Structures are given as structure tokens and as C-alpha cells.
């Protein structure tokens, strides 16, 4: 059971883990987020996740209080303190306890810890049902805390019989969901995913590398909404999903709705990347 989180380098019991209401995340949604899994006592691809956290932080001009080695030390320390080998880990960096409820100061750094999600890498053979939604995320290259459109859409998603969405910039250009990268497999087995105005996911990185190592053509380009009709397969990548089959987008079933051949092969290769990472720890 999880005992402690970390706030600004201090291990705190979870029930005393609070921020004063003057924090800019609370008042102004100002801050950055990262999330990664731990397996066999090891945060997966940690250097990549931590590099991204420091890059996100730079774009909001927030100084993380310690260097990457120290943050890594604190993460490992919090796994040992909670006596856990398998976990979800959130990093949050807020704009801080602003004097004027707008100007950022020293940021508040949060490290929170959860059980490894039950659904982590479920790899269901049955593809999920999703809807298109016209929208473009703000500062899309930055992993901000700003998830209001995706959270607000939950009601419409569930209402319409979907479990998720795919953002289409002005109903024209396929991007990503609120929390997942999006990919198409073409009938010639070319893999397509968005290159611009999307978050560069750590899963997306490992899956693209694994696809190119298997000899797949992987095109990073703008994707027109009409190109859904060209695709055999659709999947998401994310830290929790790994590779997740999408069986339906609006009124289009992909194949018979069950996971496509390349999607299944990419699930195995993703697990290959994980195992290869854990062999270097």
C-alpha cells in the first residue's frame, strides 16, 4: 500500500501531501506533468521521461530545483520507502505559490506513486471504439497539466458509446488523443503518425524505433482526416496502453474490429524494448 509521496524533496505521508491554494496550478493551470511505470523496481526508460520533464519545464521557464541525477535519486528513494517494485509515478511541476495569482515563482515539485494500473498493457485483441473531435492542444510539444478539453469530453465520449477520442486540428489534421499518440497502418504496411503539433510520447518513440528495426516504413507527416479510409489499422500508444488496437472510429470499423497484424507485432516489439531496458538496470 502506498505510504509516501515527495513534495519539494521531502517524503510526506500521502494524507499530508497538500499545496496551499495560492499554487498557480490550482488558480491558473500553470505547470507540467510526466507519468511513467516502474517494473522490477525500475522506472522504465527513465532517462527519456526525465529529459522530457526538464524540456517541458524549460518551455514554461520553470526551474526544477535539483538536477536530473538528484530527481532520479528521489524517485528511487520513494520506491524504496513505499517498498514497491511495480508502480505508476506522476511528476508535477507547478508555477508555485505566486504573490499575485499569475506571476510564477519557485515551482512546487510533486512526486506521487500508485499501484501499476490493472489495465497496463492489457493488449486486448478487441479494438476500442473512439470518436473524432475537432480540436488542437495548446503548446502541444509540452506535457502541460492542461487536460480540460479531454476531461470535459468524457461525458460525450461515454454518451456516444465510445471510450476515447482522436483530436483532429480544424477537422482536417489527425493529431492525438488527450493522453495517447495515434498511428495508422496502411494496407502496404507503411505505418503513419503525426510529426507536428502533438506531444512526442516515450511510447511513440520506442514503437517507432521498434517498427523501423523490424523493417517497416514509418512516415512522420501531417495526416489528412480522409486518410482514415486508406488505413487497415489504427492504434494508440501511451505509457499505460503500450500499443492499443482501435477497432472503430466514428462509423468506420477497422477490419473486423479485432487487432490488426502490425498492431499485434508492435505490441510484442514494445514488450521487447521494455525487457531490453530492464536488462540494462
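Numbering follows the first chain given and starts at 1.
- If you average the C-alpha B-factors over 222 to 230 and over 247 to 255, the higher value belongs to 222 to 230.
- Annotation for 132 to 140 versus 115 to 123: the higher mean temperature factor (C-alpha) is found in 115 to 123.
- Within the selection 214, 240, 32, 58, the deposited Cα B-factor values reach their highest point at 214.
- Across the residues 170, 146, 94, 180, the deposited record lists the maximum Cα B factor for 170.
- In this PDB entry, the Cα temperature factor of residue 26 sits in the bottom third of its chain's modelled residues, the lowest group.
- Split the chain's modelled residues into thirds by C-alpha temperature factor. Residue 155 is in the highest one.
- In this PDB entry, the Cα temperature factor of residue 82 sits in the middle third of its chain's modelled residues.
- Ranked by Cα temperature factor within the chain, residue 190 sits in the highest third according to the deposited record.
- In the PDB entry, a CA B factor belonging to the highest third of its chain's modelled residues is recorded for residue 277.
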